[PDB]
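Protein chains in written order, with the deposited numbering: chain B, 520 to 554, 564 to 664; chain B', 520 to 554, 564 to 664; chain D, 1 to 52, 52A, 53 to 72, 72A to 72H, 73 to 82, 82A to 82C, 83 to 97, 100B to 100F, 101 to 222; chain G, 32 to 139, 152 to 185, 187 to 309, 312 to 321, 321A, 322 to 358, 360 to 398, 410 to 505; chain G', 193 to 243. A prime marks a further copy of an entry chain. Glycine is no exception: its CB is placed at the ideal position from the N, C-alpha and C atoms. These notes are about the structure you will find just below.
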Amino acid sequence: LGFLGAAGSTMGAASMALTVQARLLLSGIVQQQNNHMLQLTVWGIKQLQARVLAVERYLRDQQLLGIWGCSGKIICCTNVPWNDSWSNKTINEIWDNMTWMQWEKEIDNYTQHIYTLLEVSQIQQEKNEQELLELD
Amino acid sequence: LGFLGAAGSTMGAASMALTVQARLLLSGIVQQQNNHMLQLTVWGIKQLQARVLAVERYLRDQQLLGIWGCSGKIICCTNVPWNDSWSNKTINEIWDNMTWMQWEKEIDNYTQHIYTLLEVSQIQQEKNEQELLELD
Amino acid sequence: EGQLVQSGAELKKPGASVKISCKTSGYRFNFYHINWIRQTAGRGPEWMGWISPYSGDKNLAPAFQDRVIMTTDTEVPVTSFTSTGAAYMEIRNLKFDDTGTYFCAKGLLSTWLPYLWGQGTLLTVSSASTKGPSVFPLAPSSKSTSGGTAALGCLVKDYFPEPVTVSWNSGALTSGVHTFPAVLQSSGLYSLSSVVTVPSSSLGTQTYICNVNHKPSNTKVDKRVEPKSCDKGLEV
Amino acid sequence: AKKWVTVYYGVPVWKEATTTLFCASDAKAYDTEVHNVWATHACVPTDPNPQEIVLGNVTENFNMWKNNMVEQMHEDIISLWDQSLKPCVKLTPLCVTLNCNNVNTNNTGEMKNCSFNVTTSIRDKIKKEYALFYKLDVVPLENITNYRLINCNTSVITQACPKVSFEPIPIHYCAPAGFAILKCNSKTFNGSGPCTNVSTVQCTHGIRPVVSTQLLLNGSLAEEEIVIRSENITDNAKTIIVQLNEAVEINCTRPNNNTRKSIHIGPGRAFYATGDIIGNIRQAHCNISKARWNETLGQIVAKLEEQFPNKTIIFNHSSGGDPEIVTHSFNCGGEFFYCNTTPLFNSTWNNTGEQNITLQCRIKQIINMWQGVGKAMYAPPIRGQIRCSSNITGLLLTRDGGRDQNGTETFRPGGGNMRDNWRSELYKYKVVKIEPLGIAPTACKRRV
Amino acid sequence: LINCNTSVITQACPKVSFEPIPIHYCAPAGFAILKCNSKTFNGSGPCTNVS
Ligand SMILES: *[C@@H]1O[C@H](CO)[C@@H](O[C@@H]2O[C@H](CO)[C@@H](O[C@@H]3O[C@H](CO[C@H]4O[C@H](CO[C@H]5O[C@H](CO)[C@@H](O)[C@H](O)[C@@H]5O)[C@@H](O)[C@H](O)[C@@H]4O)[C@@H](O)[C@H](O[C@H]4O[C@H](CO)[C@@H](O)[C@H](O)[C@@H]4O)[C@@H]3O)[C@H](O)[C@H]2NC(C)=O)[C@H](O)[C@H]1NC(C)=O
Ligand SMILES: *[C@@H]1O[C@H](CO)[C@@H](O[C@@H]2O[C@H](CO)[C@@H](O[C@@H]3O[C@H](CO)[C@@H](O)[C@H](O[C@H]4O[C@H](CO)[C@@H](O)[C@H](O)[C@@H]4O)[C@@H]3O)[C@H](O)[C@H]2NC(C)=O)[C@H](O)[C@H]1NC(C)=O
Ligand SMILES: *[C@@H]1O[C@H](CO)[C@@H](O[C@@H]2O[C@H](CO)[C@@H](O[C@@H]3O[C@H](CO)[C@@H](O)[C@H](O)[C@@H]3O)[C@H](O)[C@H]2NC(C)=O)[C@H](O)[C@H]1NC(C)=O
Ligand SMILES: *[C@@H]1O[C@H](CO)[C@@H](O[C@@H]2O[C@H](CO)[C@@H](O[C@@H]3O[C@H](CO)[C@@H](O)[C@H](O)[C@@H]3O)[C@H](O)[C@H]2NC(C)=O)[C@H](O)[C@H]1NC(C)=O
Ligand SMILES: *[C@@H]1O[C@H](CO)[C@@H](O[C@@H]2O[C@H](CO)[C@@H](O[C@@H]3O[C@H](CO)[C@@H](O)[C@H](O)[C@@H]3O)[C@H](O)[C@H]2NC(C)=O)[C@H](O)[C@H]1NC(C)=O
Ligand SMILES: *[C@@H]1O[C@H](CO)[C@@H](O[C@@H]2O[C@H](CO)[C@@H](O[C@@H]3O[C@H](CO)[C@@H](O)[C@H](O)[C@@H]3O)[C@H](O)[C@H]2NC(C)=O)[C@H](O)[C@H]1NC(C)=O
Ligand SMILES: *[C@@H]1O[C@H](CO)[C@@H](O[C@@H]2O[C@H](CO)[C@@H](O[C@@H]3O[C@H](CO)[C@@H](O)[C@H](O)[C@@H]3O)[C@H](O)[C@H]2NC(C)=O)[C@H](O)[C@H]1NC(C)=O
Ligand SMILES: *[C@@H]1O[C@H](CO)[C@@H](O[C@@H]2O[C@H](CO)[C@@H](O[C@@H]3O[C@H](CO)[C@@H](O)[C@H](O)[C@@H]3O)[C@H](O)[C@H]2NC(C)=O)[C@H](O)[C@H]1NC(C)=O
Ligand SMILES: *[C@@H]1O[C@H](CO)[C@@H](O[C@@H]2O[C@H](CO)[C@@H](O[C@@H]3O[C@H](CO)[C@@H](O)[C@H](O)[C@@H]3O)[C@H](O)[C@H]2NC(C)=O)[C@H](O)[C@H]1NC(C)=O
Ligand SMILES: *[C@@H]1O[C@H](CO)[C@@H](O[C@@H]2O[C@H](CO)[C@@H](O[C@@H]3O[C@H](CO)[C@@H](O)[C@H](O)[C@@H]3O)[C@H](O)[C@H]2NC(C)=O)[C@H](O)[C@H]1NC(C)=O
Ligand SMILES: *[C@@H]1O[C@H](CO)[C@@H](O[C@@H]2O[C@H](CO)[C@@H](O[C@@H]3O[C@H](CO)[C@@H](O)[C@H](O)[C@@H]3O)[C@H](O)[C@H]2NC(C)=O)[C@H](O)[C@H]1NC(C)=O
Ligand SMILES: *[C@@H]1O[C@H](CO)[C@@H](O[C@@H]2O[C@H](CO)[C@@H](O)[C@H](O)[C@H]2NC(C)=O)[C@H](O)[C@H]1NC(C)=O
Ligand SMILES: *[C@@H]1O[C@H](CO)[C@@H](O[C@@H]2O[C@H](CO)[C@@H](O)[C@H](O)[C@H]2NC(C)=O)[C@H](O)[C@H]1NC(C)=O
Ligand SMILES: *[C@@H]1O[C@H](CO)[C@@H](O[C@@H]2O[C@H](CO)[C@@H](O)[C@H](O)[C@H]2NC(C)=O)[C@H](O)[C@H]1NC(C)=O
Ligand SMILES: *[C@@H]1O[C@H](CO)[C@@H](O[C@@H]2O[C@H](CO)[C@@H](O)[C@H](O)[C@H]2NC(C)=O)[C@H](O)[C@H]1NC(C)=O
Ligand SMILES: *[C@@H]1O[C@H](CO)[C@@H](O)[C@H](O)[C@H]1NC(C)=O
Ligand SMILES: *[C@@H]1O[C@H](CO)[C@@H](O)[C@H](O)[C@H]1NC(C)=O
Ligand SMILES: *[C@@H]1O[C@H](CO)[C@@H](O)[C@H](O)[C@H]1NC(C)=O
């Protein structure tokens, strides 16, 4: 559906196509061939410094999915309840009305407190319960 | 519980909190903003060379979990039996006594032979059995 | 919650073409649909039609097909989400059954349905000529002098057709004011009044001036509360 | 009871190793001074919230003298010193014939009215110029005094950076991801060993790059006693650094008031030298307290009675050396001060605004610090005011030959190293490699 | 000569074209350049058809 080709469309239609937004995110139309006899020019330095910032934005979120059991797929749920105090709108309502665009501007605040809680109930509690529950 | 805030505490209390030890391990208090008009100074070279060594230590162990079926979580068991000749101490005994600290100094020796065996029984045998067992 | 601006007090004789407008403010006008409805004197609201401001899709009632034709304009962005637009409604060959209140509604996202409505546009499809309100000030009330609080206001004798907006000292005195229900007479003309309860121990050093406005007859007549008292209330 | 292998990630276990580090610095002047020699224009910034996590039950053995962070700080400053001033004016054709006399008055100073040949804006046209400079900057060779400059021998000289602060600011060290710096906030240290309360930090202390010999200017001041850093002590021969318990404030001025003289060497290039001194002829004038120092020395002589045998004879002054080695050579306001270490070691004792105490102060502009055999630096004079606002954060000592036994073991300041100067800062630091992968067996397994 | 004053002069590149060619700018991975192919602009503001 195109790179960010679902950003305009509502959350429901945005969750419908979000693989392309991660597909062309790394090696798409920016990777290229990457081809006086020296490569220490202004274009050589700029491409390698940008390469470091390229992986940094991917790995930051990649590590999080890995410590949530959501690493194996694009969309995976967790065993974390939603504290009503964060957002008071209906599940189905933001999906055809608010859109991911405004929605990120709503969570961004408690987003770090959400990430903190996501680590324990789904991994620090769920995967730590396995140690005893695996053999019975 | 803090970055390495469980190293002092016994293996049982160390396995209780080991997500923070991987959380602040990459982009925590070392990532920063990463902000004559040129960035080829002594601080620019030192930060990018350190960035290469930063991912190298993560990816080495990240590849191993990926080839063990343990990639999806922090703690995941395997179908590999423990050869008594490696360690003779009781399971529950090292967990409240020896601590991970001394324990790494005990396995480090057969650690490569352990990694070699971990690849076959759990992946080269278990996942290769699936080829025929998936459809029946 | 978004606020809608509905253009009102427009009306004409039967057969003529009526144009009703509405300004949209404080929301994404593009993806939000627009619904139009009217209500007759027989308490039966007839759903007129549904219109989309992003795409050319429309759904209209058979009784409002050849007569009613709607139009919409492009969104004017304020922020990355908020925008400003307007919708126009044209009705041809109107009758006395078309006489009633016409409303504009903001969409929801099961999305075709509305969410928020405007103020209201009372359309009077009558062949009779327009009459200008006869503004007259009212003498003090039959209440008391204890503390000062006592009633005082103005009376609007005859005019044709409603709605009529009446305020006190041009949007200054809004609290402690009651708007009397404007109802038709035997001759077929509407009539209203306004009552203000202000601390008036004795007539002096106070604002008694009001404001009267109309669209088909443009009014300016503003008369202040009578100093020559014709009641016992503002005495003992 | 059925032992099966279990894989654990994020295991809190470290391995002793050294990696490439980087800067951590807060916004200083911001508007006025934008790039000082150390921080430059683009330095890695610092976080206001450091990881103060203290690890109980951890007695990790710290290596004070064998720390590899010390060597990293040594190479970073010199490489930066060579980089700095590279794009600046080369004083290669400046060094020529020099003929002079002394002053208008017969010594009532250490400046010489010199004449020389300098190529002006135009290469073809040559102009004879007269300019000032401080003592030791020139050396004799031959009615009129005929001599040469000290640079031509040893190295190619270049003019130093204009409007760039040669004064330190807190430079913290940040270790990369998958690595941690072990912080030692322990009370006492016996010259490397096992600690009590080992902490884990990803950002170090506000270490200021100290540019001095004899005395230490900034940094860690471990309280309640004077800490003895021992690289080595049984054998007199090796250097000994001593951390102070309480700071000893030191003023540094230069009442030599100099104007700005600019002479162009060929096209574009501008050379700035000492103009004219306004007022009476006088020494630099550092100044120090009499009693405060005595009080600090009080515990120094008491600690050495405990470390070394009984009350054996132990006093004398800096032995031999060149100006920079035996004198308290330090940067202050711009210029390099070479004040005397003789009034200190004047006190012989066994049993355990303010006062006018100064040393033999001398200025020097030709400075290829840490012996620059390639690129030499010319210190530019500072127009007007000279202030200190500095400290004493320690000192460096030496041996008493190779005497067998005896009753005579006279100690003096003979520390000739720049690495040991940061060993009173990185004493509490040791870099470690994090091993998150851990293998531990327990009664549990996987199925189909 | 006007140079001696101000700066050290050097001879320019031989057989090197000092004439421009289309230099497009590519943003790295995990980043995107918002293209504004809109008709009118009032000196910065909200656009219509962001690409
Ligand atoms: C441990 O590390 C610290 C790092 O902080 C070392 O600090 C020493 O601090 C002193 C005292 O401040 C330094 O000397 C001076 O610092 C001044 C700060 O100036 C700022 O504000 C200015 C406002 O100007 C007015 O007031 C100043 C007050 O000094 C007057 O001098 C001036 O004429 C005005 O009346 C700004 O204009 C200025 O840029 C700063 O924002 C500096 O003003 C002063 O610098 C002069 O020369 C500068 C050369 O670039 C020039 O840029 C300035 O404008 C100004 O004219 C001067 O540097 C010490 O230099 C500093 N270093 C050392 C090694 O002593 C501390 O010493 C160190 N060591 C230990 C503990 O041993
Ligand atoms: C600081 O560094 C010193 C280095 O001297 C280190 O201690 C030294 O340890 C060695 C261990 O072998 C000591 O060596 C012997 O000491 C005895 C007793 O005095 C002497 O009799 C010995 O004589 C030998 O060497 C002579 C000279 O060549 C020969 O002629 C003779 O035949 C012998 O071979 C020998 O010196 C050494 O004395 C000490 N140093 C001392 C005691 O000063 C010390 O460990 C370091 N300390 C720390 C950790 O701070
Ligand atoms: C979370 O849900 C709560 C509770 O429903 C929201 O708090 C308050 O909700 C009331 C709903 O009646 C809001 O009252 C509103 O007043 C406006 C203006 O008078 C009116 O137009 C609405 O019809 C409604 O009556 C009230 O403003 C609101 N209070 C505030 C300031 O938050 C709550 O806001 C929801 N989510 C958030 C953003 O925290
Ligand atoms: C956190 O939740 C708050 C709750 O609304 C979100 O917004 C907050 O809004 C106020 C008022 O707009 C902010 O004040 C700011 O003042 C500065 C002064 O320079 C001004 O420039 C800004 O436009 C704004 O008025 C306030 O900072 C802001 N945050 C908090 C924590 O109260 C906010 O978006 C949520 N998310 C984040 C990322 O914190
Ligand atoms: C693996 O388990 C075996 C068998 O139990 C350990 O091998 C040997 O175990 C005996 C236990 O009786 C050890 O004997 C010990 O002798 C000491 C000193 O005399 C005594 O204090 C103890 O009570 C006990 O009797 C023996 O030393 C040990 N042999 C060696 C050298 O390994 C084996 O060590 C265990 N794990 C390891 C580290 O391989
Ligand atoms: C492998 O298992 C051995 C079994 O104990 C673990 O230790 C071994 O210990 C001996 C004696 O301490 C080592 O000898 C070494 O000699 C050098 C000579 O320079 C000396 O510097 C050392 O302090 C030590 O005495 C031996 O190398 C060592 N390893 C082996 C393979 O026998 C060992 O920790 C286990 N792990 C590893 C990483 O190999
Ligand atoms: C060394 O010190 C001498 C001081 O004797 C400096 O050079 C001398 O500078 C003065 C004034 O700047 C010259 O005197 C006057 O010259 C003017 C104009 O040319 C003339 O009209 C007056 O009648 C008077 O002669 C003086 O002649 C000059 N010395 C000579 C012999 O040329 C010298 O610049 C200092 N430089 C250093 C630090 O070596
Ligand atoms: C800092 O101070 C401590 C405390 O004094 C130092 O510990 C000392 O370490 C040495 C070896 O490094 C020990 O020497 C040996 O002791 C054994 C005990 O059986 C003896 O048999 C040997 O002949 C020899 O004397 C010493 O005992 C120990 N402290 C004591 C209790 O005397 C530490 O090394 C110091 N740091 C340094 C290296 O300067
Ligand atoms: C630094 O210089 C000062 C003198 O300017 C020395 O201070 C004096 O030190 C002596 C002996 O160490 C003190 O003597 C004692 O006085 C008390 C007073 O009650 C008396 O009870 C004792 O029997 C003894 O006589 C003296 O008070 C102290 N004060 C003076 C005279 O200024 C200081 O010792 C020098 N630094 C050294 C050598 O560590
Ligand atoms: C510490 O300061 C004292 C201050 O007086 C210095 O003392 C004496 O300095 C003289 C002259 O250099 C030494 O003279 C030599 O005596 C030996 C004796 O055999 C002779 O063979 C030589 O030819 C020469 O005449 C004298 O020994 C020395 N006295 C001592 C041992 O303190 C002292 O040298 C200073 N210490 C140093 C060098 O740091
Ligand atoms: C490009 O053109 C547009 C269209 O004219 C600019 O929009 C204008 O923005 C200014 C503020 O940036 C508005 O001013 C204020 O309007 C409020 C409305 O209540 C009023 O109360 C204030 O006193 C003030 O007049 C202005 O109204 C608005 N356009 C209109 C409808 O007049 C846009 O900013 C332009 N880009 C730039 C920055 O050059
Ligand atoms: C700069 O060049 C001039 C050129 O005239 C020097 O003047 C001569 O100096 C030499 C000795 O160094 C004498 O033998 C000549 O007799 C001088 N000529 C005059 C005019 O008397 C001048 O000394 C040079 N300055 C330096 C030190 O470089
Ligand atoms: C050494 O142990 C001491 C306590 O015995 C620790 O000291 C405290 O450190 C925290 C760090 O935030 C401070 O907030 C406290 O004020 C300190 N207490 C005082 C006054 O001593 C110390 O941090 C330990 N060492 C290390 C390596 O950090
Ligand atoms: C060195 O001393 C002189 C003597 O006062 C100072 O000279 C003054 O400089 C200011 C700067 O504009 C002038 O306005 C005064 O007229 C000067 N006075 C005289 C008579 O010379 C000088 O400022 C001092 N040092 C520096 C470098 O500032
Ligand atoms: C602005 O909107 C216009 C249409 O209203 C878009 O115009 C088309 O862009 C595509 C891109 O492939 C072209 O193939 C069409 O030929 C364009 N149509 C014409 C003739 O206008 C335009 O792309 C939009 N803006 C941006 C930001 O790209
Ligand atoms: C000056 O450099 C020369 C070149 O070899 C050298 O011979 C001379 O000794 C140096 N300076 C001294 C020590 O006077
Ligand atoms: C030297 O510095 C100290 C510390 O500020 C100060 O109190 C003293 O007055 C200074 N010297 C002078 C000029 O008196
Ligand atoms: C040439 O350079 C000199 C060196 O200072 C300068 O004085 C002069 O004004 C420059 N050129 C002009 C303006 O003629």
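Item, Value
"Could you name the residues of chain B that residue 72H(D) contacts, counting a contact when the two beta carbons are closer than 7 angstroms?", "630"
"Verify whether the separation of the beta carbon atoms of residue 162(G) and residue 124(G) is less than 9 angstroms.", "yes"
"In whole angstroms, what is the alpha-carbon distance linking residue 529(B') and residue 586(B)?", "34 angstroms"
"Identify the continuous beta strand (DSSP E) that holds residue 529(B) and give its terminal residues.", "It is not in any beta strand (DSSP E) - residue 529(B) carries neither H nor E in the DSSP assignment."
"Please determine whether the Cβ atom of residue 127(G) lies at a distance below 8 angstroms from any heavy atom of ligand 12.", "yes"
"If you drop the 5 nearest sequence neighbours on each side, which residues of the same chain put their C-beta closer than 6 angstroms to that of residue 321(G)?", "302, 303, 304 and 305"
"With 16 other CB atoms within 10 Å as the buried threshold, where does residue 564(B) fall?", "exposed"
"Between residue 647(B) and chain D, is there a C-beta pair that is closer than 9 angstroms?", "no"
"For ligand 17, list every residue whose C-beta falls under 6 angstroms from any of its heavy atoms, going in chain order.", "293(G), 295(G), 410(G) and 411(G)"
"Under the three-state reduction of DSSP, which class applies to residue 598(B'): helix, strand or coil?", "coil"
"Please list the partners that residue 607(B) has in chain D, where partner means a Cβ-to-Cβ separation under 8 angstroms.", "In chain order: nothing, as chain D lies at least about 30 angstroms away."
"Among 392(G), 353(G), 83(G) and 425(G), which residue has its Cα nearest to the Cα of residue 280(G)?", "353(G)"
"Which partner residues of residue 256(G) appear in the DSSP bridge assignment?", "376(G)"
"Taking 9 angstroms as the CB-CB cut-off, is residue 581(B) touching chain G'?", "yes"
"Counting only Cβ pairs nearer than 8 angstroms, list the residues of chain D close to residue 625(B).", "96 and 97"
"According to DSSP, which residues form a beta bridge with residue 308(G)?", "316(G)"
"Quick one: is the Cβ of residue 365(G) within less than 8 angstroms of any heavy atom of ligand 10?", "yes"
"Report, in whole angstroms, the separation of the C-beta atoms of residue 44(G) and residue 219(G), which I expect to be a contact under 8 angstroms.", "Between residue 219(G) and residue 44(G) the Cβ distance is about 17 angstroms, and since that is not below 8 angstroms, they are no contact."
"Please go through the same chain and pick out, in chain order, the residues whose beta-carbon is closer than 8 angstroms to the beta-carbon of residue 56(G), but skip the five residues on each side of it.", "70, 74, 75, 76, 77, 213, 214, 215 and 216"
"Should residue 620(B') be labelled buried (16 or more other beta-carbon atoms within 10 Å of its own) or exposed?", "exposed"
"Of the choices 171(D), 190(D), 45(D) and 76(D), whose alpha-carbon is the least far from that of residue 215(D)?", "190(D)"
"Against chain G, which members of the region 193-217 of chain G' pass a CB distance test of less than 9 angstroms?", "193, 195, 196, 197, 198, 199, 200 and 201"
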